[PDB]
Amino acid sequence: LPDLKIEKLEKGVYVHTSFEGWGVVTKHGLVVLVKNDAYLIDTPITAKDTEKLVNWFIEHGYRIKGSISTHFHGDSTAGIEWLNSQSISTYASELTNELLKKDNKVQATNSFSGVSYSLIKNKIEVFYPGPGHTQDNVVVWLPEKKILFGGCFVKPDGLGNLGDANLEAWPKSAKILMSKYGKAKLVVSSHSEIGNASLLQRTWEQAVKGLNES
C-alpha cells in the first residue's frame, strides 16, 4: 500500500490521500486551516493514517481542532475513534451518526440536524443535497476559497460502490448540488482528480446513466 500523501492545494488547503477481494482504494480528503487551527474534512481511510496526518500537522505547528466526516462509510470515518481518544472534536450529521451506530461503529462526538450547517461561520459549511452514494452523504463548502469537497457523492467517472446507494434519488440530488455550487472554483472528490464545477454536471450524467442501467 502506498503511504499517506499530504499536498498543499493552496494557502490553508491541503489534500490528504490515503490507501486501503478487490484491490486498493485511493481516498482523498482535505485539511483546512482557520488561522493556525486545522480541520480534517473526512478522516483518512485508516486509524493509523489519521494519526500520521494529525502528527504531521502538529509537527508543523498546527492545532487539530476538529474533523467532519461526509458519510458513514469507513473511508470518511475510520479515524473518528482515534480522534475521540485525543479529545479532538469529531462531527457528523445526525443521520451519519445513526448509520454508524447501526453498524456498531464509533460515533462522532458532535452532530447536527439541518440540511445546511455552518461548522465555522463563513469558512466551513456543510450541505445535504439528498441521497446519492449513500442516504447520508453531505458536502463541505469553503466560501472564502470557493472550494467544494464533494466526497463520495461526486463521481464524474462512474458511480463506484452501489451497495448503499440510492439510484432513484441521486439524479435529483445531483441537480440540487449543481444549482447550489455552480460558484465552485474547484471540486474535490473522494475518488477522482480535482476539477471545476463541471464535475457536478458529470456526476448528474453518471447518476442518470446508472439509474437507467439498473
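Each residue number is its position in the shown sequence, starting from 1.
Visitor: What size is the break between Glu20 and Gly21 in terms of deposited sequence residues left without coordinates: none, 1 to 3, 4 to 9, or 10 or more?
Guide: Gap between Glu20 and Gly21: 1 to 3 residues without coordinates.
Visitor: Averaged over C-alpha atoms, is the B-factor higher for 85 to 93 or for 100 to 108 in this PDB entry?
Guide: Between 100 to 108 and 85 to 93, it is 100 to 108 that shows the higher mean C-alpha B-factor.
Visitor: Hey, which bit's got the bigger mean C-alpha B factor in the entry, 40 to 48 or 160 to 168?
Guide: Stretch with the higher mean C-alpha B-factor: 160 to 168.
Visitor: Among all modelled residues of this chain, ranked by Cα B factor, put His16 in the bottom, middle or top third, i.e. lowest, middle or highest.
Guide: Lowest third.
Visitor: Relative to the other modelled residues of the same chain, rank the CA B-factor of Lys146 and answer lowest, middle or highest third.
Guide: Middle third - that is where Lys146 ends up once the chain's C-alpha B-factors are sorted.
Visitor: What third of its chain's C-alpha B-factors does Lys123 belong to: lowest, middle or highest?
Guide: It falls in the middle third of the chain.
Visitor: Lowest, middle or highest third: where is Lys155 by Cα B-factor in its chain?
Guide: Middle third, going by the recorded CA B-factors of the chain.
Visitor: Comparing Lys27 with the other modelled residues of its chain, is its CA B-factor in the lowest, middle or highest third?
Guide: Lowest third - that is where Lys27 ends up once the chain's C-alpha B-factors are sorted.
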